[PDB]
Each structure stands twice: as structure tokens, then as C-alpha cells.
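# Just the starting chains for now, same placement as in the complex:
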Amino acid sequence: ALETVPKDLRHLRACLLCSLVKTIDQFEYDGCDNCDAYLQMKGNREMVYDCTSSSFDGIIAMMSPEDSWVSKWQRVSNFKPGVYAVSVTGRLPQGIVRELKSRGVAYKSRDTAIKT
Amino acid sequence: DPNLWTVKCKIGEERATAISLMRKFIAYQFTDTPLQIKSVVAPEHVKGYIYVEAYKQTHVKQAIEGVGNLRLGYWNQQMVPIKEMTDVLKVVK
């Protein structure tokens, strides 16, 4: 969906749960295309800031997750087409991790960077 | 599984070029000339080219046709060695 594509290069953020990359304004207007059913950040800039990070490294433009090795490596093959980060710095708040777990949504860190 | 190919890109325009390529794919996805590439990666510190995942180089050429930033990458794309294929997504810190 075109609405999913980042509208510009300013104030990009990456979802800490799925690594989808969009602008802060796009997260506010539409939420996360993948996680918004669970995170419900649409209409709440603070929730967007809680679930997304401005510190990320690299991006991956994933269009056909069902026919890509990259999507398997990145564990995004079940998500919607969109722009994703290679690595995301940060962690979801403990409360959000706990609620996800209580709702059957497991959280695996999207920080893939080799640290030292 | 498809392969990855390097494509020369205007330096500093890699992210913008990837975004243009997704907009192009989305525009053409319901046409009779869809893009057959599988992904594009612009690593954080790579300068002057992008990586495109596709099964065929010809699919890469067809996808990147008309993309000004890739005009110098239109005629030749280099295959990423499979043993080095995972290095494309490594982000050391």
C-alpha cells in the first residue's frame, strides 16, 4: 500500500516490534501497518514515541515477503510490504512487553547489531 | 532463493532511490508490467550503490529501467557471492 511508504526522509522512525519504518506523522495518522491492532499508537504521538525509535541502522525495502530470503533472515516474511530497518536500537516498555505476552504476542528484540 | 546484485546508484541517494523503486512497484503492481525483483537493501554505511534481491539480473534491469539514480547501474549489476550474501545485512556496533 502506498500509504505504507515513508512520505519523506525527515523524522523517520522504526517500529520496535516489527522494524517497519515510517515517519512520525505517518505513524500518528495511520499507526503501524503491522502492529497497530495490538499497539494502538494511531492518534497518540506519545504512544508512537514509545513504540518506535529514531535511532536505527540501515533499511530494508521489503515488497514480496513471501518470496524473499531477506524477509526470512529478518523475520518479517509474515508482515506487510513496507520499509524496514536492518537493526533498531531500543526496547519496548516493560508494560507493553507484558501486555503483548498476556495477549499471545511474543517480543524478540529487533536489535540485530553485533555489539563489539 | 533469489540472489543479490549490486547496482551503482548516485552517491547519497540510495535511500531515496529505494523509496522511488517501492513507489514504482506499488504503482505498477496491478499492471501487466510488474517488477519481479524481491528486495532492495541500502546498508547504513554503503556509498554509491544499492543491493537488489531478485532471481534474474534481467528482472533487475527491467525493474531499474527509468530510475535516474540507477542510470549508471543500468547496464551492469554484480552478483554478491552467496558466502558473503549474509554480510549485506550485518550491522556492527
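Great, that's in hand. Residues are numbered from 1 along each chain as shown, chains lettered A, B, ... in the order given.
# So residue A:43 lies in a helix, does it not?
No. If the criterion is DSSP: H, G, I helix; E, B strand; the rest coil, then residue A:43 is coil and not within a helix.
# and it, what does it touch?
Going by C-beta atoms under 8 Å, 6 or more residues apart in numbering or on different chains, residue A:43 touches residue A:28. In this view, the C-beta of every residue, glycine as well, is placed from N, C-alpha and C.
# Distance of it relative to chain B?
Applying C-beta to the nearest C-beta, to the nearest Å, the value for residue A:43 to chain B is 25 Å.
# gap between that residue and residue A:51?
From residue A:43 over to residue A:51 the distance is 13 Å, taken as C-beta to C-beta, to the nearest Å.
# same for the longest helix seen in chain B, what does it pack against?
Across chain B, the longest stretch assigned as helix under DSSP state H is helix B:14-28. Here helix B:14-28 touches strand A:56-62, strand A:82-88, strand B:39-42, strand B:49-54, helix B:57-64, going by 3 or more C-beta pairs under 8 Å, 6 or more residues apart in numbering or on different chains; DSSP states H and E.
# Show me what the last one is packed up against.
Other elements packing on helix B:57-64 under the criterion 3+ C-beta pairs under 8 Å, 6+ apart are strand B:3-8, helix B:14-28, strand B:49-54.
# Extend the structure above with chain C:
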Amino acid sequence: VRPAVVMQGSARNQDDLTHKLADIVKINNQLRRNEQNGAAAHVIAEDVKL
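Chain C added:
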């Protein structure tokens, strides 16, 4: 062996060997940083070729 003589004006002109060693040191430093930090080794390859 590579005297930097002044041209007709005052700017110090460098020798051809100096310019070549400068290019060598540029790519050498670039490759050294690309091996000091994980650079996917593709750039490392291209760098070694250059």
C-alpha cells in the same frame, strides 16, 4: 624524489608521485576503517582491488 615545486604563482604544486601516494593513502585508510569495523567485506574487496 618528489619535490613539490611552486607553479608560476605561489601555490605549492605536488609531484605526480605525491598525488599517487595521496590516493593510495586515501584508499588505504578507507580499507583500514572498513576492516576495523564490519563493512560486509564487499567494500573491503572492491577497496583491495582499487
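# interface residues of chain B facing chain A?
Within chain B, the positions near chain A by C-beta under 8 Å from any C-beta of the partner chain are B:1-2, B:15-16, B:18-19, B:21-23, B:25-27, B:35, B:37-44, B:53, B:85-86, B:89-93.
# again, only using 6 Å
With C-beta under 6 Å from any C-beta of the partner chain as the criterion, chain B meets chain A at residues B:1, B:18, B:22, B:25-26, B:38-44, B:53, B:89, B:91-93.
# Please report the distance of whatever residue of chain C ends up closest to chain B from residue B:46.
Taking C-beta to the nearest C-beta, chain B has its nearest neighbour within chain C at residue C:38, 3.4 Å off. Residue C:38 sits 12 Å away from residue B:46, going by C-beta to C-beta.
# Those two: which is more packed in?
Comparing residue C:38 with residue B:46 by other C-beta atoms under 10 Å in any protein chain shown, the one with more neighbours is residue B:46, at 20 against 16.
# ok so, going back, quick one: is the longest helix of chain B near chain C?
No. Residues of helix B:14-28 are not located near chain C by C-beta under 6 Å from any C-beta, the shortest gap being 13.3 Å.
# Quickly note the distance from the residue of chain C closest to chain B to residue A:69.
Relative to residue A:69, and taking C-beta to C-beta, residue C:38 is found at 20 Å.
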